[PDB]
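This document starts with one chain, in the form solved without the RNA, laid out as structure tokens.
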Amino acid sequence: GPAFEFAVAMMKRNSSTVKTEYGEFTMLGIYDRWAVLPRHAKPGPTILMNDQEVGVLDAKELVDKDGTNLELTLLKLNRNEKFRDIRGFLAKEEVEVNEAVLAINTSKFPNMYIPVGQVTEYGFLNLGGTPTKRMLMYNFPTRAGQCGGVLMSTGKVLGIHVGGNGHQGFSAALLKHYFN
């Protein structure tokens, strides 16, 4: 319940629907002009954001100290409107909760919310043939078209959905030090 009400408030304020040449994604703005997409969104020099073309000033494919994939891409957008600073909702390490929701905002899933239930720190995962770390896991049959969805519990933004088998979901932890 409370995690659901928090998600709807957060997605109305900070989320948008983004199209790259590789698909449609939920995008979460973090602070200033910095937002986060799953790495496989592979944004080019311009993206489509709320159906309007937006130039990309920089894109950082996040990787740990040994070069291990984190399945996160940080982009600075060439636009004047600043994002509401939600870095205080970002934890310093991988968050576990008992009740979380996954929130999605694309043409295929418009403002759709999801009772993932328990979220635990998974860690390493061979994700699509790519060794990846800092994964968060939930037991929900997550679908395609859902990557970029924002994993949240009440008062917390846990990470970004990046993959899943048939009956499991996996999020890349959205950590505070990623954005200074």
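Quick note: we count residues from 1 along the sequence shown, nothing fancier.
Not on display, but discussed next: the form deposited with the RNA bound.
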| request: Specify the contacting stretch among 122-130, 38-46, 56-64, 148-156, defined as having any heavy atom within 4.5 Å of the RNA in the entry with it bound. | output: 148-156
| request: Using heavy atoms and a 4.5 Å cut-off, decide whether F6, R84 and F89 all contact the RNA in the entry with it bound. | output: yes
| task | Spell out, yes or no, whether the shortest heavy atom distance between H167 and the RNA in the entry with it bound is within 4.5 Å. | result | no
